[PDB]
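Asks: this one's sequence-less:
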DNA sequence: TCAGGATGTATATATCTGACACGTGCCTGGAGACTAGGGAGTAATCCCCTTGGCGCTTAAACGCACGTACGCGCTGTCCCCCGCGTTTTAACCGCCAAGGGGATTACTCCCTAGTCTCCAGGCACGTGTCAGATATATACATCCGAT
DNA sequence: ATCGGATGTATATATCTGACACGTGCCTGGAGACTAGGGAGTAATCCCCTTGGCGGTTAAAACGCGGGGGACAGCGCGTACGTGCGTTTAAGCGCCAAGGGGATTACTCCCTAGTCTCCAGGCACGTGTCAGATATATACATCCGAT
Ligand SMILES: Nc1ncnc2c1ncn2[C@@H]1O[C@H](COP(=O)(O)OP(=O)(O)O)[C@@H](O)[C@H]1O
Ligand SMILES: [Mg+2]
């Protein structure tokens, strides 16, 4: 009856409505619509897919099983958005 | 009284109004305001300034005085707008 | 009511006077006292001479202790209040072993050293502690202060007993959201309107800055194995607390290691066990000779000075002993194919996965037949332990012994709930999900005087300690645990004081698998504990399976009985990846992606 | 009647309070869960460091903040004050991601 | 004669079908020399260099006008204006 | 013995000797393996074949028997994968892909 | 004789031997001249000094005596020059410089 | 003089795929530039990839990783398959 | 376990522009990354310049061209001025 | 408009910690020979670019005038989103267990690259054709706009 | 709705010029030793990451409500765009003159790099500390929403 999960609402829903609003305020918007909270999840998921794909490619090439901060940094730099700090 | 060069026209105005309209149509627009012309001249002038500066830097590095198509292609590729067809 | 003559001589309670001692005015008054260290070392060598091993090494280190050593070298009634009756200043009675514990506490007090109280559960440890603090109050004339760090669950119990058998002492517990906590701080703590503070492991980390600013006479700690790690944040924080001495009321120390015991000792008396390698190499693991049991084993003489435990086996008697019935179970076909699948493949920690397969393959997603999902005998049909469990549950039910299952994975509890409902028994589940009130009501439901609760699921390491289920008769440790005393406390949830009838505790084991390795290592650690501390106080035809497993248990007991200290610390760490021969070993694209059409001028 | 701010003022205060800080605005554990779920992308069971996830969250939040700035500009351009998915789509199309 | 917009759609069809250069040749070439006089005196060019420059300029302006048109449509209009093109360039990381 | 080229004994059409020469004398690394030129030649051949097939499709669609930069442009922009790969290039004399916004059309 | 560092001779602060080693080992080219490391070290030194001066000014303006990533971001983004140099670069824990569109402000 | 082109190899591939069409000179030059651009992209990615791992050798493994880093999706899949096919044929023969 | 870095050198530079301010470790890592990035950009552009002109060596002329080609205008002016004065001092001494 | 609230904004203070200074080991940058090949200088040779002009064709660009339809301002009217209070729940620490993964730090060795020497075919260059693709008219059919 | 009308749209013809085929030689890729060093494999050490589970604090997050202000439709309306027509004007193409700029093409050497051999002196790492940046509290002064 209950050995089946029936739990764990989608992880994209973990990007809550108020977090989207905080990002929006730091961006500088005053008034928000109601479908922004779905368009934003879509765009974030796409961006993460691309970056993680490249990072995992680097990791597999090095014959590792651990994605390292330098792998992520190389992936972002290849995508064209350098990240100072980490590594 | 005309020994001087009083007769002359600015070169940015050589980008005629209908030429900008042809570009606009190929972009796919239907009605053009009256100030799009001046704004377009401005943006084209800026773009040309950047590309030409980089090309000239390449040529003067190579100890030449002619700007070659390969130098322009290198300049564009550096700007981030690589161009296929003129060699390179 | 009549013990008030002892209260004579105490100064009247007044925060202004208390502030002289409570607040330690000296901002950096912390210093190494040569006098106290000399007295400690002198008494310590008086008991026995073995302790120079630490001292000489420490003298090889910082020489301003080497000169203390030289001073101790060149220069070379304290009557215990036996309290043949119950001490007057505590309203009530104390049993003789309790009295002996109290006297041990006092004797360690008047020796400038401490001692871990590690009595067996139920032997009124807090009674010993309150009695000793009252000794300091009425006799030694130190009202306070005293810190009583404890687990959050028992705070109310500590306070209830402290106000019951010694009402004169004023004490309070910190709690509540930070605002009323701070109110209590500013009103009483820094106000100095108490004698005994009670906090929790979490609050000590939380409200540490005010608690720094009191010279602490002692720092009491309830079950102390929490502090068995000396890199734990609690251990780090509970070292800047300026204090005279310390106490470490606990249950059983040395649960899975010896270095653990070293750190537990290091807490009380840092100036002796200041060096890790000293303890780690003097009579810890080495590879020298028959010394393992010829000398270093005999060298308990280092501990008996400061440690105590009173075996509840004979100091009480009523709990008929125990009944351990390990059952070696063979894997079934689904287990066979799955276990091989893990061996040669989200699946990390292959050792954890192998435990899952040894419990029920339905834990793996997509294992059971379906959808649609049913609950018929196809559930029991694929898990060997569950088959034996079904048979044994039926046998117990016809006998009529309501049972506690102590699983180790709550998901396994989900499958067990489904199986139980399908078999029309009813239960009450407690795990890391049920809130407090749920836990209390479930315990009450099980412990109703006429309760229709056959099975009663839990998780082995959950529920704290106040859970009391002596009404139960059988405990089925569906899984075995790494730490043997984890399962020991679990299986004493039923063997706790007050249990009337002899109980049986089963331990399903998956033969020829990881579970055998886990059981072996757990027995290593249990026998280590015994040696170090406990001395110096289709159907399987269940009957033949029982006999075979009993014979196996006897054989392994014989195997591990005759091991030695350095040998028993080996931790063979035999790789379980290889089970029946393993080698550490685990297109054409004809798609022609797409071809669009209509490249002509027909958009318009 | 209890004091109540008129619509817009709390929003302006929030803008000027979040444009001054520097911490992360998405929760660490939800973001990590999302990242590891996506990580079944071109591989199967994988291990992540912690610096990796921190770098990934830094990059994501910077990207989203820039996107929201461009969206705000589009919404104001339409003689409006609210941002809408049409604004998100326009901004993200012009930048060249769609 | 013809209703407004008819010739406009006709011209869009005409110009999205062809591939030639849209700006005159000599005016652009003169502009390039004049704008290149500042960085360094007495440079020489060559026809291929100037043709590459013109081709790049054509492509840039065409993409810019596409973005501007899409901006104008976003604001419930069909007429493009300097506000539109400024918004496009600023979003596209240039202003 | 008679010499047979690595292009032939690999089965490809693109040159492997020239690719190896460029990889060496291109300051990409100190040492160059032995299968790298073969792999690179294969990849270049595949991409060339793919784009040329699409261009020929377009040229036939327009009743012509010679690929021109317009057909190259049209094929590249109509195939989305090649469009992403070449998202930043500009094929000279390629024109633009026909497209009019729906709102602009007459009622 | 007595060793006299190339950084000392050039009068810079950044290392020149290390820069020479990086140029040689990065296979940027087969041979590196003797003045290239000096020029490169001088340029890196200049840019570092510039950004550090701006960051220190920002730190003083914030009434702090230690540079932090927020101060680095403020220094970079305020001037139209290092902003253009570091255009695509995101600085960890940088935040964003404050502005609010004038349309959103009240009457 | 003596400028290397790729024109003849591209023309061979064309006469394999569409054995009835042709290429004008401008299209041919565009195709040559395309091949050079892709070559330099892949080689540069492989060079950086070897530098990241403290290797001093470019080999087919780095070439393959750079291919699947640069080409998107189905293009990458097919190109990888074809490259592996060619390399195995070469080594066997 | 030895890891080369620019922390010592940027700290020497800091202690002569603002002789009393410090710098946190995270800012230090950011600065080291910035220096590495700019070094890579200039070196790569100089390498490509040498490759373009058939030259086999990198020298101060290539470095100057790369600087004047990457840094924007008014910043590049001062950068090249200071580079030239440093190299002349090295040559004289 | 003025008095009434809510909200940063300073000021003073006890605390934590992570920059900063200091001492050693080592490894690599500098001194000093030696060498060899990259590049700088010279000097032929041919092709393109420049700066002043001139004459001619012929489409585009420009200017002007109706005159719509659209961009803009007003008004109305929902209705959707913000502000705020109230529960509750999920993040966030702290823990526990074992083992594997990844980095270093040696060692060892084999095989596969780079380096040569020859030597022939593959590829570039210069020629010579011919057919694919224009441009020109021509009849066809096919939206668009006014009665 | 129909008729007129302007506009692509297929269609046959002549032009030509640009793609494709063919011979040469020369230089680069291939064959064949020889060798050294790079990288693969192995063993020991130590720290991080995994999986499943536990217990606690406490801010955020979810939800509901109410009300107002902003978005979205309609309604004029009065421009400023479009479309069409007539007329210059300039682009484009020819043509003239004489040079320098530049890219091979072929030696010729110098000098300035790489390579090797030590060897000390930079620098990285492992230890303290203490000064700056916290968090706290309080008083203040400073906007905002209802007369
Ligand atoms: N008269 C008594 N003498 C001795 N012990 C008693 C007496 N009355 C009660 N006790 C027990 O003393 C115990 C002290 O608490 P304890 O069980 O030791 O908890 P913990 O094990 O957590 O310290 C109580 O549980 C209580 O049952
Ligand atoms: Mg207790």
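Replies: Sure, I can see it. Numbers count the residues shown, from 1 in each chain, chains lettered A, B, ... in the order given. Ligands and ions are numbered 1, 2, ... in the order given.

Asks: Is residue F:12 in contact with residue F:37, as I believe?
Replies: No - using CB atoms under 8 Å, residue F:12 makes no contact with residue F:37, being 9.9 Å away. For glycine as for every other residue, the C-beta is placed from the backbone atoms N, C-alpha and C.

Asks: Looking only at neighbour counts, state which of these two leads.
Replies: More neighbours surround residue F:37 than the other of residue F:12 and residue F:37, with 30 against 27 (other CB atoms under 10 Å in any protein chain shown).

Asks: Contacts for stretch C:71-90, please.
Replies: Residues outside stretch C:71-90 that contact it (CB atoms under 8 Å, 6 or more residues apart in numbering or on different chains) are C:3, C:6, C:34, C:38, C:41-42, C:45, C:92-94, C:99, C:102-103, C:106-107, C:110-111, C:130-131, C:134-135, C:137-139, C:165-166.

Asks: among those residues, which ones are buried?
Replies: With burial judged by 16 or more other CB atoms under 10 Å in any protein chain shown, the buried subset of those is C:3, C:6, C:38, C:41, C:94, C:99, C:102-103, C:106, C:111, C:130-131, C:134-135, C:137-138, C:165-166.

Asks: Keep only those of the residues you listed that are in strands.
Replies: Judged by DSSP state E, strands contain none of those.

Asks: With adjacent residues omitted, what lies nearest to residue 29?
Replies: With no chain named, the answer covers chain A. Spatial nearest neighbour of residue A:29, chain neighbours left out: residue D:72 (4.6 Å); criterion: CB to CB, 6 or more residues apart in numbering or on different chains.

Asks: oops, chain F please
Replies: Residue F:29 sits nearest to residue H:58 (CB to CB, 6+ apart), 4.5 Å away.

Asks: The one you found reaches residue H:44, doesn't it?
Replies: No - applying CB under 8 Å, one finds residue H:58 not in contact with residue H:44, separated by 10.9 Å.

Asks: Those two: which has the busier surroundings?
Replies: Neighbour count, other CB under 10 Å: between residue H:58 and residue H:44, residue H:58 has more, with 26 against 15.

Asks: for the more buried one, phi and psi?
Replies: phi -90, psi 130 (degrees, to the nearest 10).

Asks: how close does it sit to residue F:18?
Replies: Using CB to CB, to the nearest Å, residue H:58 is found at 16 Å from residue F:18.

Asks: Any idea which residue is closest to the centre of the chain?
Replies: Let's take chain A. Note on chain A: the residue nearest the mean C-alpha position is residue A:48, at 3.9 Å, using CA atoms, centre = their mean.

Asks: wrong one, I was asking about chain H
Replies: Chain H, centroid-nearest residue using CA atoms, centre = their mean: residue H:39 at 5.8 Å.

Asks: does that one count as helix, strand or coil?
Replies: Recorded secondary structure, residue H:39: helix (DSSP: H, G, I helix; E, B strand; the rest coil).

Asks: Give the full set of residues in contact with it.
Replies: For residue H:39, the contact set (CB under 8 Å, 6+ apart) comprises F:19, F:22, F:40, F:44.

Asks: got it, and residue C:595?
Replies: Counting by CB under 8 Å, 6+ apart, residue C:595 makes contact with F:53, F:54, F:57.

Asks: In the chain, which helix is the longest?
Replies: Using chain A. Criterion DSSP state H: the longest helix present in chain A is helix A:36-61.

Asks: Switch to chain F, please.
Replies: helix F:36-61.

Asks: name the helices or strands packed onto that helix?
Replies: helix F:6-10, helix F:17-24, helix F:69-78, helix F:80-85, helix H:7-17, helix H:25-52, helix H:60-70, helix H:74-92 (3 or more CB pairs under 8 Å, 6 or more residues apart in numbering or on different chains; DSSP states H and E).

Asks: for these, which one sits closest to residue C:377?
Replies: Set against residue C:377 and scored by CB to CB, the helices and strands packed on helix F:36-61 come closest in helix H:74-92, at 46.3 Å.

Asks: in that closest one, what counts as buried?
Replies: For helix H:74-92, the neighbour count (16+ other CB under 10 Å) marks H:75-76, H:78-87, H:90 as buried.

Asks: Is there proximity between stretch D:43-63 and chain E?
Replies: No - using CB under 8 Å from any CB of the partner chain, we find that stretch D:43-63 stays clear of chain E, coming within 13.3 Å at best.

Asks: sorry, back to before: list the buried residues in the longest helix of chain F.
Replies: For helix F:36-61, by 16+ other CB under 10 Å, it's F:36-61.

Asks: Run through the residues that contact the residue nearest to the spatial centre of chain F.
Replies: With distances taken as CA atoms, centre = their mean, the residue of chain F nearest its centroid is residue F:48 (3.4 Å). Applying CB under 8 Å, 6+ apart to residue F:48 gives the contacts F:14, H:9, H:10, H:13, H:31, H:34, H:35.

Asks: mind listing what residue F:56 touches?
Replies: Contact analysis of residue F:56 by CB under 8 Å, 6+ apart lists F:67, F:71, H:14, H:17, H:18, H:21.

Asks: re earlier: helix H:74-92 and the longest helix of chain A, what's the angle between them?
Replies: Angle of helix A:36-61 versus helix H:74-92, following axes from the mean of the first three to the mean of the last three CA atoms, to 10 degrees, is 10 degrees.

Asks: Check which strands are paired with the following helix or strand past helix A:36-61 and give the direction for each one.
Replies: Sequence-wise, the next helix or strand downstream of helix A:36-61 (DSSP states H and E) is strand A:66-67. Here strand A:66-67 is paired, per DSSP bridges, with strand D:47-48 (parallel).

Asks: now the strand it pairs with, how far from the chain's geometric center?
Replies: 25 Å (CA atoms, centre = their mean, to the nearest Å).

Asks: between the following helix or strand past it and helix E:82-91, how big is the angle?
Replies: Sequence-wise, the next helix or strand downstream of strand D:47-48 (DSSP H and E) is helix D:51-77. In terms of direction (the same axes, to 10 degrees), helix D:51-77 departs from helix E:82-91 by 180 degrees.

Asks: Is there proximity between the helix or strand following helix D:51-77 and DNA strand K?
Replies: Sequence-wise, the next helix or strand downstream of helix D:51-77 (DSSP H and E) is strand D:82-83. Yes - under the criterion of CB under 7 Å from any atom of the strand, DNA strand K is reached by strand D:82-83 at residue D:82.

Asks: May I see the buried residues of the helix or strand following strand D:82-83?
Replies: Per DSSP H and E, the first helix or strand lying C-terminal to strand D:82-83 is helix D:85-95. For helix D:85-95, the neighbour count (16+ other CB under 10 Å) marks D:85, D:86, D:87, D:88, D:89, D:90, D:91, D:92, D:94 as buried.
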